[PDB]
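Naming convention: chains lettered A, B, ... in sequence-line order (proteins, then strands); numbering from 1 in each chain. In what follows, every heavy atom counts, from backbone to side chain, and hydrogens, waters and symmetry copies are set aside. Whatever order the structure lists ligands and atoms in, that order sets their numbers, starting from 1.
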Amino acid sequence: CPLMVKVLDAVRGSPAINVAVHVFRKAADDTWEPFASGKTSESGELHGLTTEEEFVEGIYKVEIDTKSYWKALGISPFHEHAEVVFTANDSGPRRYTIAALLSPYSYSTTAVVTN
Amino acid sequence: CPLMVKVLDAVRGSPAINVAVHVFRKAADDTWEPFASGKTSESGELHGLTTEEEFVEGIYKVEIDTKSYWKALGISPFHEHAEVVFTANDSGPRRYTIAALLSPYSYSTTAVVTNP
Ligand SMILES: O=C(O)c1ccccc1/C=N/OCc1ccccc1C(F)(F)F
Ligand SMILES: O=C(O)c1ccccc1/C=N/OCc1ccccc1C(F)(F)F
């Protein structure tokens with residue numbers, strides 16, 4: 001599993017469950033092509049988005065639909081979604097974890113790249 | 001000044017100086033149209049992007065060119081940029097500050113929204 005997404009809720013101190021996540025890849029014509037998507041599990045995690053052979057070098061965008069999450073909890077949010085745009089680089093055997101921590105008016109995101 | 005941007009560097013403990021910032025507004029046809037741009041000052045701040053009259057209700061995107069910033073320091077960072085997408089003035093006109101804290105493999109952003 002070369003690409004994982006983990007989403008946390010900073011208000012409730014819990015995994016952010018049932019959050020929609022969309023992944024896009026930049027095509028040579030500078031357009032976002034849909035690549036993978038899913039909803040976070042009860043652990044706030046989304047696995048199995050792609051395979052090693054499909055996950056090639058390129059520019060990727062991970063979109064986290066935070067607005068619908070906060071609305072379902074009855075909280076007025078600021079952002080439309082959280083976006084994370086990065087370059088996947090094949091230097092060696094690498095796995096990418098995109099982690100996001102969510103509050104109604106703020107979010108943080110980090111990339112953990114391991115073997 | 002209804003829209004300000006402030007950018008900090010978490011590695012050096014300083015304002016992030018000379019960072020390019022681009023603001024887009026979602027147009028009628030679902031396309032992102034250019035709205036304003038600038039560079040952060042020696043204080044890490046960017047003011048004067050727009051006026052109250054031109055900053056109407058809409059969906060806005062603030063793109064902070066973090067990659068160019070880290071590269072100029074010799075760091076190959078993870079993100080291409082930091083993007084912040086939000087609806088503005090949906091409840092009437094407000095003053096927005098978009099703040100971002102940058103590290104090579106991480107960033108955080110928060111909005112401070114005040115009523116004049
Ligand atoms: O990521 C991971 O492999 C991970 C896996 C399992 C459980 C927790 C984590 C890490 N979750 O990190 C949350 C986060 C995300 C973005 C910025 C800052 C944070 C902080 F809360 F850690 F500060
Ligand atoms: O910067 C400033 O003087 C500033 C100016 C106007 C409004 C708010 C602020 C502060 N903003 O707080 C930045 C910060 C601090 C600690 C963690 C994370 C952040 C982040 F917002 F950058 F993400």
Q.
Between A:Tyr96 and A:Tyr60 (judged by ring centroids, cut-off 6.0 Å), do the two rings come close enough to count as a pair?
A. no
Q. Which one holds for A:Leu8 and ligand 1: side chain close, backbone close, both close, or neither close, with close meaning a heavy atom under 4.0 Å?
A. side chain
Q. From A:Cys1 SG over to A:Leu46 CG, what is the distance, rounded to the nearest 0.5 angstrom?
A. 8.5 Å
Q.
Please report whether atom 21 (F) of ligand 1 has a protein non-hydrogen atom at a separation of less than 4.0 Å.
A. yes
Q) Between the side chains of B:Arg94 and B:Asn89, does any donor sit under 3.5 Å from an acceptor? A) no
Q) Any protein heavy atom sitting closer than 4.0 Å to atom 13 (C) of ligand 1? A) yes
Q.
Closer than 4.0 Å to some heavy atom of B:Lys6 - which atoms of ligand 2 meet that?
A. 1 (O), 2 (C), 3 (O), 4 (C), 5 (C)
Q: Number the atoms of ligand 2 from 1 as they appear, then name those within less than 4.0 Å of a heavy atom of B:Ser108, with their elements.
A: 18 (C), 20 (C), 23 (F)
Q. Any side-chain donor paired with an acceptor under 3.5 Å for A:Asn18 and A:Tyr69?
A. no
Q: State the atoms of ligand 1, each with its element, that fall below the 4.0 Å cut-off from a heavy-atom position in A:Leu101.
A: 14 (C), 15 (C), 16 (C), 21 (F)
Q: Answer yes or no for atom 7 (C) of ligand 2: protein heavy atom present at a distance under 4.0 Å?
A: yes
Q: Verify whether the ring centers belonging to B:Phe24 and B:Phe35 lie closer than 6.0 Å.
A: no
Q) Quick one: which ligand 2 atoms are inside 4.0 Å of a heavy atom on B:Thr97? A) 6 (C), 7 (C)
Q | Donor-acceptor contact below 3.5 Å, side chain B:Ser106 vs main chain A:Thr109 | A | yes
Q) In ligand 2, which numbered atoms sit nearer than 4.0 Å to a non-hydrogen atom of B:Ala100? A) 22 (F)
**Q.** A:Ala99 neighbourhood, listing ligand 1 atoms whose heavy-atom distance to it stays under 4.0 Å
**A.** 1 (O), 15 (C), 16 (C)
(Q) I'd like to know if the side chain of B:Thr110 and the backbone of B:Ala99 have a donor-acceptor N/O pair within less than 3.5 Å. (A) no
Q: Please test A:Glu45 against A:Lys6 for salt bridge (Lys or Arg N to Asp or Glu O under 4.0 Å), starting from the C-alpha separation and ending with a verdict.
A: CA-CA 4 Å; A:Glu45 281 164 22; A:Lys6 173 130 200 157; 2.8 Å; yes
Q. With a cut-off of 4.0 Å, which atoms of ligand 1 are near a heavy atom of A:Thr110?
A. 16 (C), 17 (C), 18 (C)
Q: List every atom of ligand 2 that sits less than 4.0 Å from any heavy atom of B:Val112, numbering the atoms from 1 in the order shown and giving each element.
A: 7 (C), 8 (C)
